[PDB]
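This report refers to the structure that appears directly beneath it.
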Amino acid sequence: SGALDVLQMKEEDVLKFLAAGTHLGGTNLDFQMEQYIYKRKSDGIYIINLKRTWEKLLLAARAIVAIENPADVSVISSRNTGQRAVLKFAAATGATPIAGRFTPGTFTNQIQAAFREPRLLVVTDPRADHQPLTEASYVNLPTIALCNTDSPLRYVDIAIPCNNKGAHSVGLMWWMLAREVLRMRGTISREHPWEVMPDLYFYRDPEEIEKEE
Amino acid sequence: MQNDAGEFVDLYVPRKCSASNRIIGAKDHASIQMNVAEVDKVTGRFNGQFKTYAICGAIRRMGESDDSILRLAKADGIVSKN
Amino acid sequence: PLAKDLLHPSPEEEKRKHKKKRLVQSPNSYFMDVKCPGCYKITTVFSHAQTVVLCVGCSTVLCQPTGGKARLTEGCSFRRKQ
Amino acid sequence: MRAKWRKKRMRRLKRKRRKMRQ
Amino acid sequence: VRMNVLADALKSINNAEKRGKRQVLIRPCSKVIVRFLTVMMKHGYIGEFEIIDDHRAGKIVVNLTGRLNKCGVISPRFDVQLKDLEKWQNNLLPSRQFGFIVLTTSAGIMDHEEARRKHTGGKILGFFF
Amino acid sequence: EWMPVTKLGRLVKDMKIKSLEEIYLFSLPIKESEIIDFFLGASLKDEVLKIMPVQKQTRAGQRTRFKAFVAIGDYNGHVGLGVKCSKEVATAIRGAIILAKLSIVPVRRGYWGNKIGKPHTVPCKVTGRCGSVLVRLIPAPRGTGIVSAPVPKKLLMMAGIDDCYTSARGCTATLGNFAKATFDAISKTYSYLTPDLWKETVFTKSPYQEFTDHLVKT
Amino acid sequence: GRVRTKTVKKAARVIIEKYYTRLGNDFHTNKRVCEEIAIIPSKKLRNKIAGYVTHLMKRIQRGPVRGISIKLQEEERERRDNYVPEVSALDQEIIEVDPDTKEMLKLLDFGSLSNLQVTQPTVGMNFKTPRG
Amino acid sequence: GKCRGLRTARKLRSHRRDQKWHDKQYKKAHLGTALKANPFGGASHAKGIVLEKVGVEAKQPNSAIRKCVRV
Amino acid sequence: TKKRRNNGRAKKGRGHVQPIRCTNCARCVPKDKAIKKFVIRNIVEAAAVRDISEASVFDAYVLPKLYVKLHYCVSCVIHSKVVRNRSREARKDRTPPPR
RNA sequence: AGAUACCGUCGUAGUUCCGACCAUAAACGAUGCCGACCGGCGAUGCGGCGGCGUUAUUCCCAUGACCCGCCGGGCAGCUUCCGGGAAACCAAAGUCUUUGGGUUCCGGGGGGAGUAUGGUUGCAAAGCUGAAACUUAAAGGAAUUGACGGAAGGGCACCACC
RNA sequence: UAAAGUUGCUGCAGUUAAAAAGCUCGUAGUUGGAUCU
């Protein structure tokens with residue numbers, strides 16, 4: 001942000017975070033995620049300082065915007081909880097998605113079919129996305145990650161402190177990142193709410209779609 | 001860099017980590033040079049400017065790239081105080 | 001990590017430390033004015049007293065030595081100084 | 001050969017030598 | 001037990017610089033440690049430092065600029081004449097273009113170049129580059 | 001005809017990168033030897049340091065492959081080392097030449113004493129390590145030449161080092177470890193922070209960012 | 001003893017990945033289109049390939065296949081995931097918030113929100129699984 | 001570790017002097033048993049009288065009769 | 001070379017551990033090195049349980065169990081398949097088999 | 001086959017205690033001691049400190065048993081591109097050609113050989129100190145691939161079986 | 001003699017390659033915290 005009141009966090013954003021459980025971390029804390037936690041609860045749960053969450057989300061959006069080829073940003077999700085969110089982010093923002101299993105050698109093996117050379121890498125969970133992250137250490141790839149309290153911060157350059165376990169929180173974080181990136185780009189304004197809503201980025205269990213059909 | 005006559009005799013000047021000031025090597029493939037888009041103070045949009053931060057692969061391996069980049073952004077006015 | 005300010009530790013972190021590993025060592029102990037309802041004068045008791053202190057105006061036990069902090073008898077009002 | 005049995009042979013040799021040189 | 005507090009100080013500085021830390025705590029402090037650190041600072045190798053006064057022996061918080069490759073002590077403090085200074089420079093310094101051998105002479109604690117300028121030998125305390 | 005496979009290869013072929021030093025400045029991995037042929041492929045000399053027959057025991061015989069250790073480099077400021085193993089010696093040498101091209105690093109040269117002329121020696125004492133083999137390069141006065149074993153001498157000459165003292169420790173009889181240790185020592189020349197490199201780095205536009213439009217539109 | 005070799009499987013995958021529009025669900029038509037659009041040097045190989053193609057068509061109708069990937073499936077799935085509920089599952093009238101996160105919000109100057117219901121914390125401190 | 005003290009010269013020199021005796025070449029060249037057991041007595045050559053011609057069998061990997069003389 | 005960091009025993013922080021006799025061969029093995037099994041088995045087999053329960057003068061007498069402590073030496077424990085060889089990586093695993 | 005062994009039945013010294021000797025073990029962490037610095041995590045033992053809550057001393061505090069943390073020493077464990085190393089592996093076996101914190105002991109290719117000899121100690125057995133002639137191109141460490149195993153676990157076959 | 005950093009003060013080794021005394025105590029020896037313009 002930079003104390004720019006146009007970039008300050010809104011009441012609606014705070015309510016979205018509190019409803020998605022974004023502020024709720026885990027029972028374990030990586031020593032490098034200490035600076036992002038407010039305080040531990042009476043039941044061993046760590047609360048995530050959402051001011052730092054917004055600060056890191058804005059920093060990640062700034063890093064994403066400073067790539068004038070949007071397809072040079074790679075958005076990765078191995079878990080099902082963030083595959084639809086990653087696809088929606090790639091569609092809205094113009095990035096390149098990898099939803100599903102990440103084939104090792106994608107960044108390193110020039111001969112492979114899915115070989116690509118992104119300029120920035122964003123992942124849903126450094127624990128579950130450890131394979132692209134490691135390959136990021138081979139091709140000079142900056143990395144953004146949605147990190148929980150116990151997330152490992154190796155090869156993670158911009159760590160966004162948020163709950164990345166629940167589907168609601170993952171979808172909301174990806175939606176907010178897409179919204180911030182678009183707002184910094186110029187498309188869509190900062191005045192009226194975005195016409196898209198977080199539930200598009202969410203993940204529904206197959207039983208949920210069966211219930212909805 | 002300089003000889004007695006004053007002309008520069010180096011092949012090139014390697015860049016240094018913005019976090020540790022140590023020289024980033026020619027075959028340090030885990031090092032990154034990340035650009036953070038600058039924003040107009042009133043409109044809150046990309047004005048075409050950015051801040052460049054180079055982090056060597058050692059700091060990224062230690063897991064201190066996050067803290068180092070956050071601190072570099074804070075000192076540049078990108079990140080709000082506290 | 002890698003940027004900890006060792007000259008200005010936060011007071012909570014410095015109170016968490018061992019009394020000797022602090023930036024400037026300070027004791028965890030204290031002195032208390034203790035007063036008994038059956039007494040007309042106060043006395044000064046060390047928080048970690050190793051002897052059995054008796055009332056200045058009576059014959060009652062005031063604090064019993066323990067492994068660490070002494071056990072002040074109930075009904076006695078104790079207030080820390082400084 | 002096991003080293004302890006070599007040691008035992010050497011000790012028996014030394015005893016036989018002690019009997020040699022009284 | 002602890003001997004050569006300068007050795008411990010320089011080891012702490014070296015280990016903190018290897019780790020990439022911006023600051024290091026040195027304890028206990030001493031006049032020799034402060035003079036060595038000042039000689040280090042005038043050449044731009046460590047930058048500013050602060051002496052915490054506890055009422056038994058000082059501590060020093062040294063800000064670290066990542067310009068330091070190796071700071072080391074030479075134990076025992078061999079007495080060095082001006083003739084042997086070149087041999088010590090060849091042994092301890094990485095190059096003739098940089099690196100300093102610190103000596104305690106009757107004129108104070110100073111690098112080898114200042115010792116040559118003042119035309120004095122002394123006892124070698126250590127080196128830094 | 002070279003058809004680039006990577007973004008860096010496309011930028012080099014399209015004359016967007018003007019020297020190897022812009023690639024070195026950003027530590028980008030070079031994965032096509034045609035980039036090295038483009039930038040230095042008029043002064044590069046190759047030299048097979050060794051052909052080593054290695055064997056794998058099998059049920060009905062020893063499978064024998066040959067490992068080619070090849071040093072490369074124009075005798076000014078650039079050197080590379082490549083080790084490639086194959087069932088055929090010629091194929092091994094070809095692969096080793098390609099790998100030595102892929103591993104070419106910039107060599108920093110300095111002055112022993114006073115700084116008249118061009119740099120002639122290593123800027124400082126550097127040490128390379130490979131499997132118990134320690135190779136130390138020490139700056140030497142002008143005109144002394146390379147005071148070393150033949151194996152490190154070949155690499156130091158191909159690196160453009162005019163004169164240098166050396167020390168070796170360990171099992172230098174293993175030519176591969178000796179060569180890799182002296183290559184490490186040579187490559188550490190530019191990674192050494194000397195006081196002339198204390199000036200703050202002025203960051204420039206990376207090749208992938210400064211010609212992103214060209215990559216998109218080509 | 002009716003496992004399909006990787007030749008048949010790979011050829012069927014390529015045919016399905018390139019020529020989805022032409023083929024159908026009846027083996028006696030898949031074989032004809034395959035022999036039309038491919039050089040299959042044996043009748044038996046063509047029959048095996050067409051049979052696995054029919055099996056793959058029976059596989060795709062019930063859902064996307066792991067080994068099958070064409071642009072048409074991608075657009076159809078993005079159409080399928082173009083689902084947005086009437087009311088957002090996120091924002092509702094009352095959301096529970098613990099006292100500690102309430103203090104965190106009051107630090108952020110968002111502690112005066114009325115959507116927040118201050119729930120009580122856990123009665124005890126039993127959150128570690130027994131060790132052993 | 002080794003003693004590094006300004007007054008350890010005697011200890012260091014004594015340790016070096018004792019440990020030199022564990023070097024086979026130094027002990028050979030500084031004991032006198034090797035010199036007294038050397039048939040040449042420390043010389044490079046020696047004159048002798050041939051007592052007989054002998055044929056010494058080569059070591060196991062090779063097969064030959066090396067012609068030598070007892071002098 | 002060292003096969004195990006603990007040397008195949010649990011003698012950390014002491015110098016001597018009292019020995020025990022192997023239940024199979026009576027070999028002397030340190031108590032922390034021996035492989036210990038605690039078998040709590042029904043005193044009658046699953047075959048004889050039907051006849052024994054049918055012939056019982058009580059109703060729901062519940063047969064008593066048998067609590068046996070076995071201390072195998074390494075040779076006997078390996079021969080009896082109570083433990084078996086493991087790969088160099090899998091040797092480090094210390095969770096008991098699920099059973 | 002032979003068994004001067006393994007297996008079995010007996011069974012002396014011994015195994016036990018007291019006093020006097022002996023001073024050796026794969027006496028092992030095969031890793032001297034003292035000191036500083038250098039990652040993380042969860043446990044556990046002792047002491048201390050702080051705190052929701054449960055339980056006992058019929059009820060109040062104290063104190064016990066739990067629970068959640070912190071601090072200090074301790075036996076350890078997991079993890080890590082700290083760094084090291086020939087590697088195995090080691091948060092020490094790291095802070096080592098960028099080589100110096102203090103100090104003791106001790107090694108110098110393999111055998112001959114811990115032998116001969118002298119000295120010393122012991123009642124003895126033996127302990128400590130301890131060579132040389134001669135001989136030899138290798139012994140050896142770690143790891144890899146095979147082959148093999150009277151090692152384990154899987155799989156296959158009417159030239160295997162049911 | 002150098003090579004031999006295979007006698008290592010510079011400058012070697014001692015978990016497994018040769019090697020830390022079984023273990024403490026202890027005199028000589030070696031080494032010894034801050035501080036005085």
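Basis for what follows: all heavy atoms, side chains included, without hydrogens, waters or symmetry-related copies. Chain letters run A, B, ... following the sequence lines, proteins first, then strands; residues in each count from 1.
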For nucleotides 13-20 of chain K, 5' to 3', base contacts (B), sugar-phosphate-only contacts (S) and non-contacts (-) with protein non-hydrogen atoms under 4.0 Å give -------B
Could you check whether I/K3 gets within reach of a base, just the sugar-phosphate, or nothing at all, counting any heavy atom under 4.0 Å?
nothing
Secondary-structure string, 5' to 3', Watson-Crick or G-U under 3.5 Å, | for another-strand partners, for RNA chain K
....|......|.|||...|.................
For J/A25, the sugar region implied by its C1'-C2'-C3'-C4' torsion sign
north
Taking only side-chain N and O atoms of E/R27, does any of them lie within less than 4.0 angstrom of OP1 or OP2 on K/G33?
no
For H/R13, report the nucleic acid contact type (base, sugar-phosphate, nothing); a contact means any heavy atom under 4.0 Å.
nothing
Look at F/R59 and J/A147 and indicate whether a side-chain polar atom (N or O) is within less than 4.0 Å of OP1 or OP2.
yes
Residue-phosphate contact under 4.0 Å: D/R17 side-chain N/O, J/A116 OP1/OP2:
yes
Does the side chain of C/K15 pick up a donor-acceptor pair with the side chain of C/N28 at under 3.5 Å?
no
d(CG, E/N91; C1', K/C9) in whole Å
11 Å
Heavy-atom protein contacts under 4.0 Å, nucleotides 122-135 of chain J, coded B base, S sugar-phosphate only, - none:
---SBS---SSS--
Has the side chain of H/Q19 got a donor or acceptor that lies under 3.5 Å from a partner of the other kind on the base of J/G108?
yes
Residues in side chain to side chain contact (heavy atoms under 4.5 Å, CB included) with A/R127, at least two apart?
A/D125, A/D150, A/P152
Taking K/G11, J/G100, J/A62 as options, the one with an atom nearest any side-chain atom of C/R71 is J/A62
Between the base of K/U30 and the side chain of H/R7, is there a donor-acceptor distance below 3.5 Å?
no
Pair of N/O donor and acceptor under 3.5 Å linking J/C38 base with E/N15 side chain
no
May I ask you to say what E/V73 touches in the nucleic acid, namely base, sugar-phosphate or nothing, with a heavy-atom cut-off under 4.0 Å?
sugar-phosphate
Taking CD1 from E/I60 and P from K/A34, how many angstroms apart are they, rounded to a whole number?
12 Å
Sugar conformation, J/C33 - torsion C1'-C2'-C3'-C4' sign
north
For J/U98, does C1'-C2'-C3'-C4' say north (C3'-endo side) or south (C2'-endo side)?
south
Please state whether the phosphate of J/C105, meaning OP1 or OP2, lies under 4.0 angstrom from any side-chain nitrogen or oxygen of H/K11.
yes
Do J/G119 and J/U57 form a Watson-Crick or G-U wobble pair, with both donor-acceptor distances under 3.5 Å?
no
Using the torsion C1'-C2'-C3'-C4', state whether the ribose or deoxyribose of J/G153 falls on the north (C3'-endo) or south (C2'-endo) side.
north
Would you please say whether a donor-acceptor pair under 3.5 Å links the side chains of C/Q25 and C/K20?
yes
Non-neighbouring partners of H/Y26 that pass ring-ring contact (aromatic ring centres under 6.0 Å, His included), sequence neighbours left out:
H/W21, H/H30
When you look at J/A26 and J/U16 together, do they satisfy the Watson-Crick or wobble criterion (both atom distances under 3.5 Å)?
no
Two-distance pair test J/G100 J/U129, Watson-Crick or wobble, each under 3.5 Å
no
In a table with atom names and distances, give each donor-acceptor pair under 3.5 Å that connects a side chain of residues 122-132 of chain G to protein atoms at least two apart or in another chain.
none

For H/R16 and for E/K31, find the nucleotide of RNA chain K with the closest heavy atom, then tell me which residue's nucleotide is more 5'.
H/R16
Would you indicate whether E/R56, at its atom CZ, is surrounded by more than 12 heavy atoms from other residues, nucleotides or ligands within a distance under 6.0 Å?
yes
Using only side-chain N and O atoms of E/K11, determine if any of them is under 4.0 Å from OP1 or OP2 of J/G100.
no
Rounded to whole Å, NZ of C/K69 lies from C1' of J/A62 at a distance of 16 Å
Atom CZ of E/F127 and atom P of J/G100 are separated, to the nearest Å, by 8 Å
Does J/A116 fall in syn (glycosidic angle within 90° of 0) or anti?
anti
Contacts of H/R10 meeting side chain to side chain contact (heavy atoms under 4.5 Å, CB included) (sequence neighbours excluded), chain-then-number -> H/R13, H/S14
N/O contacts under 3.5 Å, protein versus nucleotides 21-23 of chain J?
none

With respect to the phosphate group of J/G85, does any side-chain polar atom (N or O) of F/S132 fall under 4.0 Å of OP1 or OP2?
no
Show me the donor-acceptor pairs within less than 3.5 Å that the side chains of residues 88-95 of chain I make with the rest of the protein, sequence neighbours left out.
residue: I/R91; atom: NH1; partner: I/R86; partner atom: O; Å: 2.9
residue: I/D93; atom: OD1; partner: I/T95; partner atom: N; Å: 3.3

Both distances under 3.5 Å, Watson-Crick or G-U wobble: does J/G141 pair with J/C96?
no
Does J/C70 have a Watson-Crick or wobble mate here (both distances under 3.5 Å), and if so which one?
J/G48
If the condition is side chain to side chain contact (heavy atoms under 4.5 Å, CB included), which residues does E/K18 pass it with, not counting sequence neighbours?
E/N14, E/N15
Base orientation of K/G26, syn vs anti, 90° cut from 0
anti
Does any N or O donor sit under 3.5 Å from an N or O acceptor when you compare the side chain of F/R136 with the base of J/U99?
yes
Assign the ring pair E/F98 / F/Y192 to parallel, tilted or perpendicular, where the plane angle (0 to 90°) is split at 30° and 60°.
tilted
Quick one: list whatever passes ring-ring contact (aromatic ring centres under 6.0 Å, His included) with E/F129, sequence neighbours left out.
E/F127
Which part of the nucleic acid, if any, lies within contact of I/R88, taking any heavy atom under 4.0 Å across all strands shown: a base, the sugar-phosphate backbone alone, or nothing?
sugar-phosphate
Does a side-chain N or O of E/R19 approach OP1 or OP2 of J/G39 to a distance below 4.0 Å, or not?
yes
Distance in angstrom units between D/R6 CZ and J/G112 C1', rounded
12 Å
Determine, for nucleotides 66-76 of chain J in 5'-to-3' order, which nucleotides have protein heavy atoms under 4.0 Å from the base (write B), from only the sugar-phosphate (write S), or from neither (write -).
-SSSSSSS-SS
B/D67 versus A/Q32, side-chain donor and acceptor atoms under 3.5 Å:
no
Between P on K/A28 and CZ on H/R10, what's the gap in Å once rounded to a whole number?
16 Å
For K/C9, does either OP1 or OP2 sit under 4.0 Å from a side-chain N or O belonging to H/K2?
yes
